[PDB]
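Peer 1: Have a look at this one before I ask anything.
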Ligand code: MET
Ligand code: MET
Ligand code: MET
Ligand code: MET
Ligand code: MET
Ligand code: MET
């Protein structure tokens with residue numbers, strides 16, 4: 043039985059090659075890894091049969107993506123996840139924010155929402171009462187207190203954008219793969235709602251191979267490796283640590 | 043030199059296999075064709091180096107997609123294109139439309155705009171004066187004259203949607219591959235703004251292989267085949283007829 | 043398991059890409075399609091294991107080919123099939139036939155027989171009594187009533203031959219892929235003996251994958267698709283329609 | 043042209059996926075990465091043609107390996123390299139070393155030599171005067187001052203060996219991929235003679251593709267990435283830093 | 043450039059794997075070998091494209107086969123060939139032949155001819171005057187002097203036939219691979235007309251890869267290897283030895 | 043079940059193609075053969091899963107190899123084996139040996155040991171009393187009686203080395219596949235300790251397929267074939283001959 047994984051470049055792929063693959067080969071499986079630069083192809087490849095499982099996204103992204111693209115896919119288990127941070131760009135500290143400061147943000151709706159929530163936590167904008175934080179959008183801004191100019195970019199552009207904007211809100215996987223350190227962030231997202239999940243075609247939910255993959259990502263050996271290899275990452279809720 | 047084409051399923055892939063491939067093999071090329079079900083993967087595969095050229099989209103789609111996804115790709119030449127039509131669903135004629143009739147529409151922005159423009163041409167809604175039809179959005183509706191309920195679906199769902207809605211606005215490539223006939227449309231888009239284009243990475247624009255592909259799609263032999271094989275399609279503007 | 047289909051270009055490949063592939067992907071298979079422009083390679087590719095199944099031929103062709111070339115292959119199920127027609131070449135109606143008129147025909151024995159049977163049905167030649175129609179050959183001609191000159195060509199060349207002969211007898215798959223319409227035929231073969239069959243290696247006849255492929259080609263969904271997409275095609279006998 | 047890289051798992055593969063691949067795609071290449079868990083397979087895969095280039099070894103290893111196995115391969119350029127360290131096992135500090143303490147070491151000759159040189163620098167053994175440090179062997183030990191018991195293992199076993207020996211000398215690539223941190227080493231190899239090299243078949247040494255690969259590994263952008271992503275690594279001599 | 047060879051099992055395959063493949067890999071080709079148990083499939087696999095070159099037949103076989111099966115293939119160069127022999131079966135010497143003795147023979151026409159010519163040379167039958175020896179058939183027998191019963195079998199069955207017939211005429215390639223020694227023959231065919239040839243698709247006759255294969259089969263190194271690996275074999279006429 | 047064999051080129055591969063494969067195909071298996079020209083790749087391919095079984099080595103080689111590379115593989119059954127020989131190089135007879143004569147030898151330790159034992163049996167060197175012949179090394183030489191210069195090479199180079207040294211010690215498989223004859227050896231190793239073994243992954247040792255393979259290599263039919271095809275080979279101990 044060959045299990046084909048798709049991940050983004052970097053940390054999630056290293057998990058497969060450095061730990062999970064050997065655990066699954068012990069049980070008789072072969073393992074293939076396909077890495078993707080972007081957040082858009084992996085669910086489509088999964089749904090079209092080119093992958094058996096992907097590991098790259100949080101559940102708000104998945105729920106939105108599979109509804110919009112009408113994909114019969116579902117989350118399975120969580121994985122250690124590099125958290126979201128607001129990082130110094132042309133400006134190096136939060137106190138330096140000015141009226142009109144620029145903040146770069148990913149341009150897809152579920153990750154853009156995270157930026158609006160962070161900016162509201164910082165007091166730089168104010169969101170309307172009673173909104174759904176997972177779908178926060180420009181229409182939900184009650185007042186742009188500091189007249190922040192939000193510069194929307196494709197997610198992979200955010201590390202580079204630090205040259206062009208005062209502050210950059212950078213997804214963890216792209217921060218790590220560009221050599222950014224999580225400790226460089228001026229403000230980290232407090233939420234745990236965006237710890238990432240693996241996803242499969244719904245038809246494969248009860249499969250023996252997926253049971254064995256799930257066990258591999260929850261073993262004592264994997265937890266010990268993850269705590270050493272991926273310091274500062276947010277853990278699966280089920281690890282209850 | 044191997045040229046790798048990406049197209050949607052059906053008509054654009056048949057152009058390659060039935061006519062273009064042999065023309066290019068005469069000049070010493072080998073040809074590979076990858077067919078895609080959806081409109082989202084092809085430009086990303088092209089930009090990431092897995093395809094040399096794709097043939098599946100119109101320029102408003104390309105312009106929106108390459109901006110949103112930060113892709114260094116560009117259009118080259120036009121191809122015969124199945125036109126957009128409003129087709130009978132539960133209701134069989136335009137005169138049967140009622141207050142509250144349901145119309146299915148694709149859920150991506152550049153193709154959704156075409157449905158709003160079509161409904162305005164039919165007099166079922168009224169768009170605000172002076173808005174750009176290429177970016178028509180719900181916000182641009184001045185009055186929903188017949189209180190049309192627009193049912194937004196992923197584009198490939200639109201042929202099957204005819205079972206569930208009064209009328210379906212169906213993209214030509216999906217209509218044709220589902221066995222729908224262009225002559226069954228109750229109304230066809232009169233614009234030529236959406237005749238489809240091939241697309242390449244910008245770095246390849248001056249290549250000899252692309253010159254040879256361009257010539258293949260503009261040869262007397264290809265035109266003679268296309269006029270017979272794809273009756274009722276909109277021809278490239280440059281074909282001049 | 044990946045199922046590798048081989049078909050001729052055009053209609054039989056579109057059946058795979060537009061309908062069968064998705065049905066099989068729902069059951070966990072992946073699908074690869076290889077398209078051929080000729081009639082000789084597909085059964086050789088099948089027998090050598092480069093294909094698991096091919097869809098391109100009728101049973102008289104298969105019976106003759108597998109015996110001549112010592113191939114351990116066998117038919118499985120029938121598929122909707124474009125019929126054989128006599129089409130206008132230099133002359134545009136049957137009534138214009140003259141003594142010595144030229145008719146192009148395929149040069150392989152089982153398809154050539156079909157042309158002799160057609161010419162006898164038209165009253166342009168007279169075949170001997172009591173012959174096997176599936177193997178009709180020049181020796182079976184009792185009288186060449188109109189002194190027809192039969193121009194034998196490789197089957198793929200028959201659309202192009204219309205410039206050189208008075209009438210062309212063209213196999214449906216090549217007529218469709220060259221942009222000819224079945225309704226343009228001056229006369230269509232009445233027989234149902236040439237509805238095409240899938241073929242596999244005999245060793246695979248009892249496989250689960252082949253059972254699932256057979257089911258996909260006999261489903262209500264495929265039948266509904268075929269009746270819309272391939273109007274005028276001759277149906278499998280087992281569909282009993 | 044497709045360039046096939048072979049690397050060990052982890053850091054050298056991440057260099058390809060996170061930085062080098064995109065640099066080469068801008069010049070028109072596609073890139074394939076094959077990752078290995080051991081030190082023996084990659085040069086064999088290179089010599090057989092499965093790989094165009096590998097990145098996993100130092101030159102003393104390569105010189106020995108290509109001579110012993112009569113392989114027509116050669117080094118090209120250096121890459122940032124995780125250094126060799128002596129790490130705590132059952133004992134946690136250098137001055138806890140006792141008479142008879144166990145030290146695990148790789149069992150291949152060029153890497154075993156490094157352990158003997160390290161033990162001499164620590165004063166735990168004394169090597170003979172005037173030896174070749176690159177081929178230091180047990181015969182070159184003048185006195186085993188602390189009666190160290192050297193436990194020889196296949197190199198990939200050395201991270202796990204920390205449970206069984208007092209101290210473990212672990213190659214950097216395996217340390218990193220097991221979640222060990224370079225700052226955890228009690229003593230790091232001073233030498234720069236084991237900064238790793240890419241290798242190719244000698245027949246390819248003058249190729250354009252290799253020139254482009256070499257440029258990609260010496261670009262300002264790669265150096266900036268490497269200094270951030272791989273802190274504490276030893277740099278190519280040619281970088282002159 | 044991947045050169046795919048097809049051979050029968052045994053000696054001709056060993057030539058490729060032991061000597062030719064390395065000669066071609068030095069020049070940068072890759073090589074694959076497919077082996078076949080029978081004489082019918084290899085030319086079909088060559089014609090279909092699976093093979094680039096085959097080595098298994100003599101020219102009378104090829105001339106007959108490509109005409110009968112309508113294949114556009116051609117001979118290129120000769121190879122050292124195991125000769126044809128009449129071997130002991132139930133009877134152990136030629137002098138033991140009796141009226142009615144049974145002789146097994148291959149059942150394909152060009153190899154059956156060789157048996158008739160051999161039986162005529164032995165004085166067991168008498169062929170008619172002025173016949174073409176390459177096409178000698180039962181119709182060409184003037185008198186069956188010893189009323190030999192010729193038992194026609196598939197060529198591969200002839201080594202095993204020795205249990206069932208008085209004498210067996212066995213093709214060299216099958217003799218060698220069944221553990222028979224050429225010195226065991228009671229009578230060996232004198233002719234050199236059946237020294238075997240490589241064959242290719244005619245389209246490939248002027249290719250550079252074929253020039254390089256031809257050189258490998260005619261080098262001083264290959265001749266030295268063949269003279270002792272294949273003792274008793276008949277050499278290419280062009281070697282003029 | 044498809045059983046994948048790996049062998050060195052030549053004799054061990056012919057055993058599979060000419061006898062074993064058909065014996066296993068009669069029980070319903072399919073068989074694939076991968077041939078190697080070196081001694082290092084086959085156990086690595088076995089351990090990685092590319093092969094199910096290999097046939098190329100003796101047990102002293104296997105024991106050393108699996109320990110050095112920490113591979114979980116094990117021997118199963120013996121096979122007829124071409125013996126080790128000392129062959130003429132620049133000198134043609136044993137009596138011509140001189141002080142300083144050169145003898146080429148394989149450079150791997152378990153095969154090098156065999157050379158030293160052979161040279162001691164010949165009286166050209168003198169090994170120390172009582173040393174383990176399986177691990178004989180240069181340090182076990184008491185006196186180099188004839189000041190032999192031993193030229194160590196990778197094993198596959200040893201046939202060609204005959205141009206450069208006075209005498210060459212060549213492994214049987216390489217002697218056969220280079221067109222050397224075993225009967226032309228000046229001295230053949232008499233020991234039976236190096237009759238070769240098949241090897242598998244330890245996890246497969248109790249499999250049904252391996253039981254069927256073992257039976258195939260010990261059948262009366264295989265023994266009869268081997269004694270004809272491989273004259274002068276050393277037989278498996280289990281054959282009790
Ligand atoms: C594709 S959704 C974003 C995933 C990314 N790893 C994150 O946690 O921010
Ligand atoms: C991806 S944009 C839509 C393309 C489609 N062929 C059309 O013309 O409607
Ligand atoms: C290869 S036999 C001919 C097949 C063709 N599709 C026909 O029905 O005429
Ligand atoms: C294969 S030689 C050892 C290579 C390893 N990356 C090191 O620098 O220690
Ligand atoms: C396929 S023709 C027969 C070939 C065989 N090698 C022979 O020389 O007898
Ligand atoms: C790989 S160990 C050497 C094997 C060789 N066939 C021999 O018996 O000498």
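Chains as they are written, first to last, in the deposited numbering: chain D, 43 to 283; chain C, 43 to 283; chain A, 43 to 283; chain F, 43 to 283; chain B, 43 to 283; chain E, 43 to 283.
Even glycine gets a Cβ: it sits at the ideal position worked out from N, Cα and C.
#1: Please report the distance separating the alpha-carbon of residue 256 of chain C from that of residue 278 of chain C.
#2: Considering only heavy atoms of ligand 4, does any lie closer than 7 Å to the CB of residue 274 of chain F?
#3: Can you pull out the residues from the stretch 113-139 of chain B whose beta carbon lies closer than 8 Å to at least one beta carbon of chain A?
#4: Ignoring anything shorter than 3 residues, give me the beta strand (DSSP E) runs that lie fully in the stretch 95-145 of chain E, in order along the chain.
#5: Between residue 221 of chain F and residue 245 of chain D, what straight-line distance do the alpha-carbon atoms span, to the nearest angstrom?
#6: Give me whichever residues DSSP pairs with residue 295 of chain C in a beta bridge.
#7: With a threshold of 7 Å, establish whether the CB of residue 104 of chain A neighbours any heavy atom of ligand 4.
#8: Smallest Cα separation from residue 50 of chain F: which of F:70, F:63, F:75 and F:61?
#9: Along the chain, where does the beta strand (DSSP E) containing residue 240 of chain B start, and where does it finish?
#10: Quick one: residues in its chain with C-beta nearer than 8 Å to the C-beta of residue 151 of chain A, no 5 flanking neighbours on either side, listed in chain order?
#11: Are residue 123 of chain A and residue 214 of chain A close, meaning C-beta to C-beta below 8 Å?
#12: What does residue 219 of chain C touch in chain A if you count any residue whose Cβ is under 7 Å from its own?
#13: Would residue 266 of chain B be called buried (16 or more neighbouring beta carbons within 10 Å of its own) or exposed?
#14: So, with DSSP's three-state summary, where would you put residue 58 of chain C?
#15: Mind checking if residue 56 of chain C is an interface residue toward chain A, Cβ cutoff 8 Å exclusive?
#16: Tell me the DSSP secondary structure of residue 66 of chain D in three-state form.
#17: Run through chain C and tell me which residues come within less than 9 Å of residue 283 of chain A, C-beta to C-beta.
#18: Which word fits residue 182 of chain F, buried or exposed, when buried means at least 16 other C-beta atoms lie within 10 angstroms of its C-beta?
#19: I want to verify the contact list: residues of chain A whose CB lies under 7 Å from the CB of residue 91 of chain D, in sequence order.
#20: Residue 86 of chain D touches chain C at which residues, Cβ-Cβ below 7 Å?
#21: Could you tell me how far apart the beta carbons of residue 248 of chain A and residue 132 of chain A are, in whole angstroms, since I believe they sit closer than 8 Å?
#22: Indicate the three-state DSSP secondary structure (helix, strand or coil) for residue 225 of chain F in the structure shown.
#23: Classify residue 135 of chain F as buried or exposed, calling it buried when 16 or more other Cβ atoms lie within 10 Å of its own Cβ.
#24: CB-CB under 6 Å to residue 47 of chain B, same chain, minus the five flanking residues each way: which ones, in chain order?
#25: By the 7 Å beta-carbon criterion, what residues does the stretch 188-211 of chain E contribute toward chain B?
#26: Residue 148 of chain F and residue 200 of chain F: beta carbons closer than 8 Å?
#27: For residue 126 of chain F, is the beta carbon positioned less than 7 Å from some heavy atom of ligand 4?
#28: Just how far apart, CA to CA, sit residue 141 of chain E and residue 236 of chain E?
#29: Look at the Cβ atom of residue 61 of chain E, then the Cβ atom of residue 241 of chain E, and state whether they are nearer than 8 Å.
#30: Can you name, in chain order, every residue of its own chain whose Cβ lies under 6 Å from the Cβ of residue 159 of chain C, other than the five neighbours on each side?
#31: DSSP three-state label for residue 148 of chain F, please.
#32: Under the three-state reduction of DSSP, which class applies to residue 154 of chain C: helix, strand or coil?
#33: Assuming the contact rule is C-beta atoms closer than 8 Å, residue 89 of chain F and residue 243 of chain F should be a hit. Round their C-beta distance to whole Å, please.
Peer 2: If we stick to the structure as given:
#1: 12 Å
#2: no
#3: none
#4: 95-99, 115-120 and 127-130
#5: 35 Å
#6: In the structure displayed, chain C extends from 43 to 283; residue 295 of chain C sits before or after that span and is not available.
#7: no
#8: F:75
#9: 239-243
#10: 106, 177 and 179
#11: yes
#12: 60
#13: exposed
#14: helix
#15: yes
#16: helix
#17: Chain C residues near residue 283 of chain A: none, gap ~16 Å exceeds 9 Å.
#18: buried
#19: 67 and 72
#20: 80, 82 and 83
#21: Actually they are not in contact, since the Cβ atoms of residue 248 of chain A and residue 132 of chain A sit about 52 Å apart, beyond 8 Å.
#22: helix
#23: exposed
#24: 58, 75 and 95
#25: none
#26: yes
#27: yes
#28: 30 Å
#29: no
#30: 175 and 178
#31: strand
#32: helix
#33: 7 Å
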